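Residues 338 to 673, 680 to 808, 836 to 881, 898 to 1245 (full-length UniProt numbering) make up the first sequence, in order. Heads up, the beta-carbon is just placed ideally off N, CA and C, and yes, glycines get one too. Written out below as structure tokens is the structure these notes cover.
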Amino acid sequence: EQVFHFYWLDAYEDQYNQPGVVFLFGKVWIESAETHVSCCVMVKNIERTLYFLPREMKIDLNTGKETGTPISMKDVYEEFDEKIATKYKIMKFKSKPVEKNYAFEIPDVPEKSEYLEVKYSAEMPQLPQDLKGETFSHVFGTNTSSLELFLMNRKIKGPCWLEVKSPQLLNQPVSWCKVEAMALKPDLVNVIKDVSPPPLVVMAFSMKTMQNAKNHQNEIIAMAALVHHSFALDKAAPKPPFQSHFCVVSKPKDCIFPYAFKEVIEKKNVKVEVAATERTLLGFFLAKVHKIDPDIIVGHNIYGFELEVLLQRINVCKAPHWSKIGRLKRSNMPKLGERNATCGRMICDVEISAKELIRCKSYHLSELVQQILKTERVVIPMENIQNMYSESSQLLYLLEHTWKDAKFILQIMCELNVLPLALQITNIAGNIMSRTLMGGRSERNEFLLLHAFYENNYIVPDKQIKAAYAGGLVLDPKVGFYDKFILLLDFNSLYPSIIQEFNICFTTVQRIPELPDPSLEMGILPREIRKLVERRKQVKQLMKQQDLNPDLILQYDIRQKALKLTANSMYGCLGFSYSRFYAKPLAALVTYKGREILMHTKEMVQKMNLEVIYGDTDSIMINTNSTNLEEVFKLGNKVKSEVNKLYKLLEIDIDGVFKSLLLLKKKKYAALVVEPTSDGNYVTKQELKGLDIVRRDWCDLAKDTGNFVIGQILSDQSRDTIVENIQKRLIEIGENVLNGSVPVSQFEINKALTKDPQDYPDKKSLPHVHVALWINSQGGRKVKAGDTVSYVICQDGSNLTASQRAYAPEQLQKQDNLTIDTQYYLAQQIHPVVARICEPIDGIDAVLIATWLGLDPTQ
DNA sequence: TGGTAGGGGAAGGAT
DNA sequence: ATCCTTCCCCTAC
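Printed below as a string of structure tokens:
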């Protein structure tokens, strides 16, 4: 009618096949149906914003020498209209002088200058980025995308409500959405802020595949999906997290179903669809996605395998209307990039989201359900699924398996709160939520700065087509065991505070660059960090209120977590070499100040006649030689106030006291963290950092025994009795290994691949790659980059190195000639872990520990 | 398609 | 054989 109000969620831009158009996809309220439906708004006529920086004097391009003719704003306009717009076939365009700010990597560019803003249609040819001219030295905005221009010009900071003044009917239906509208010019789209976000339609799904006998390509056997139609991002997840479901199952070419599938299913009353051929199955799933019309599709291992196979089978089987997997009608699918295949619908891979929120040995679905959902997952081998087609009782269990997998995925998504958190991360950064779910953290802070400099009238850098600088300072530790109270001080968010304290920005230094006059106004980068900290503070104050909605404290918690996660990732965007806002000088300047701030702090504490024993990037550990917390906390604040007297915004605080400390090496120690109580007298928990028992590349047999040793060293017992308890247990573990009392899960060590196992220089050298190649030889799910492979080295009767004798745990039970190397774990795993832990404590030796396990003492 | 600093292991030369 | 550098993966900040 007069206006069109909708809540945008995703955007799609086709740079090559349709330039200057940005498709928006979101929700809109239909009062007649009393439900939100999917809508697609087509924003047309996105201009090409260019900026020509005029030279001081007109020079000839061939000679490159000064001709002595001054360059004016009319002369630079002449060269474009005469020699540039004609040579590159730019018929119609616009021109207007403007003043833009700049503070980035291109040299010989003033901070403030007069540029020639030129706007023309995106359907016209694009200029070269390195274009030079007789009147202008450089040109910006050459390859700026339509989506970027639209999001910046209209201040679209994340998913929000938009009004579309003067909406237009679409000639032919371009989208798979319920409602469609068109915008003539980007100026017709504004941001509405006083409206609550709408619930979303979420669909988590899973699928089971199988390799064909003739061709090695996969084949979709069964798919299941759970749907919830009012999944709110503003509050907790619904219980149950799904309202409806559908399950599909088909046959391969040379396979037929067990008897009476329909009747038995009709008898079981389970809502299961039977497809004759796989092509019939895919058409059913596409039509279900089209009718459900979800905003977010959830699954596991989507980009690595599942989505790539789904598109491939649809292409092979020639299933009609492939583009229904997204929301925009398209004639042909891209080659399998390919992330822009489900445009209009967000893709959530729980295995990817888990890698950003939690820490696990392996991030496959089976391991996630064991750690998050506290329930075991049974997986069907890809070799036994062919025999599962013999009896329907074995095949109906196959559907129930994948159907239960879809529920696990949906349950994992809810427990991690990835949807409510991703929206907050997107509304803070001001990017696209689909990119937040999948893309890295670099693209987010890239958008946060692209907005910040657009707000302040800056020309942002164009999108480009060992280490590199010094980092933190780790003081050398005073190795040993400490019986007295150890005090730990550190600076909260040092690098963000360093930026504010010293006004470090692209604009404040002459980037080589050194800190500016403290009288200078706060730069753009520090002022943005100041906002996030102030915003996080205000949210913290809101959590203090009483008589408040119990659902708000959970949402306020999600928000304040996002504010910190954004402010802390700001530094990393400066050191990333492929970052749009790459500034290695600024990154080195920050890290240098951190070292100087730490070094000056350590020397200040030493001048106070205090002994510092360890210090990492921002922390300092002080040995007090006192057993009274009244004097430790008094001395804790005395050092605190003395340090904070030097910095305006940077502050240091007590991070806890240590009852006992086992400081082994750099970044490796164990302590008993003092926790204050209402009684005024502490209770202690242990903290493990850097020790081999904390890592995941050591077996659980050595990590559990080492954790028992750490508990004995930090214990409040006599020195003569601690060594007795370790002896009695270290000889016991040496007996249960050869006796077989310990499970096989205690012998597996986990290492992940940083590249493809075939792309390694030598696979027989590294153990985990040799096991990865064996998994890739089987029919089971492949092991690609980033995947963690658990392996158990065995005894195959060969005198090859213990690393060359590395096998998979599944090979130990299958092959009877592979047995657990008993002497290896007692000498190469359990011994060095316990030996390095007991190195500073007097009494336990390396050879004495080896004699306890039961091996030839040579140490 | 955040960073550097650092430990602990094994491979692969050179000797 | 041993010494040494290189590469590997995982950590702490």
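Rounded to the nearest angstrom, the gap between the Cα atoms of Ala1088 and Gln1209 is 13 Å. In the displayed model, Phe417 falls within a helix according to three-state DSSP.
Taking the CA atoms as reference points, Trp513 sits about 17 Å from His566.
Judged by their CB atoms, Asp937 and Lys572 are nearer to each other than the 8 Å cut-off. The region 550-558 and the region 513-526 do not touch, with fewer than 3 CB-CB distances between them shorter than 8 Å.
Secondary structure of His637 (DSSP, three-state): coil. Straight-line measurement puts the Cα of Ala765 at about 25 Å from the Cα of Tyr968.
Sequence-distant Cβ neighbours of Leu648 in its own chain, meaning closer than 8 Å and more than five residues away, are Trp659, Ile662, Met670, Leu673, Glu681 and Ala684. About 5 Å separates the beta carbons of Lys698 and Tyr706, which is inside the 8 Å limit, making them a contact pair. Put simply, the region 1207-1224 touches the region 1115-1123. At least three CB pairs are less than 8 Å apart. Short of 7 Å from the beta carbon of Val1220, and not among the five residues preceding or following it, lie these beta carbons of its own chain, in chain order: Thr1091, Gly1092, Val1095, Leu1116 and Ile1235. Per DSSP, the unbroken alpha helix (DSSP H) holding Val1018 starts and ends at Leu1015 to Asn1030. With at least 16 other beta carbons inside 10 angstroms of its own, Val359 counts as buried. Note that the region 1042-1061 touches the region 1074-1081; at least 3 beta-carbon pairs, one per stretch, sit closer than 8 Å. Among the bridge pairs identified by DSSP, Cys376 is matched with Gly363 and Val516.
Around the beta carbon of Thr1107, fewer than 16 other beta carbons sit within 10 angstroms, so the residue counts as exposed. For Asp1173, the CB contacts under 7 Å within the same chain, skipping 5 residues up- and downstream, are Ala1138 and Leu1139 in chain order. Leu793 and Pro847 have their C-alpha atoms some 42 Å from each other. Runs of the beta strand (DSSP E) spanning 3 or more residues and lying entirely within the region 1079-1110 do not occur at all. Between the region 764-784 and the region 743-753 there are fewer than three C-beta pairs closer than 8 Å, too few to call the two in contact. Shown here for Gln1098: same chain residues with a beta carbon closer than 7 Å to its own, the five before and five after excluded, namely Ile1108, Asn1111 and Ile1112 in chain order.
By the 16-neighbour rule on beta-carbons within 10 angstroms, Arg1081 is exposed.
With contacts defined as CB atoms closer than 8 Å, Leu711 and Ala541 fail to qualify as a contacting pair.
One alpha carbon belongs to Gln505, the other to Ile529, and they sit about 20 Å apart. DSSP, read as helix, strand or coil, puts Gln580 in coil. Taking the Cα of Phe430 as reference, the smallest distance to any Cα among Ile443, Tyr414 and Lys437 is reached at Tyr414. For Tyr1000, the enclosing beta strand (DSSP E) has its first and last residue at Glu997 to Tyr1000. Boundaries of the beta strand (DSSP E) harbouring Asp1041: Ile1038 to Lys1051, taken from the DSSP string. Within the same chain, no Cβ atom closer than 8 Å to the Cβ of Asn1185 is found once the five residues on either side in sequence are excluded. Apart from sequence neighbours up to five positions away, the residues of its chain that approach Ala838 with a beta-carbon distance below 8 Å are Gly961, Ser963 and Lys970, ordered along the chain.
Where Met689 is concerned, there is no enclosing alpha helix (DSSP H), although the beta strand (DSSP E) around it starts and stops at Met689 to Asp692. Proximity to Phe579 across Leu623, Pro631 and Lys590 peaks at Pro631, based on C-alpha coordinates. Counting the other Cβ atoms within 10 Å of the Cβ of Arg1105 gives fewer than 16, which makes it exposed. Within the same chain, and ignoring the five residues on either side of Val1169 in sequence, the residues whose Cβ sits closer than 7 Å to its Cβ are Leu1139, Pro1143, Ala1158, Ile1161, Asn1162 and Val1175. When secondary structure is reduced to three states using DSSP, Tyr978 falls in the helix class. The beta carbon of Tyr457 lies closer than 6 Å to those of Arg385, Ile427 and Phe430 in the same chain, with the five residues before and after it left out.
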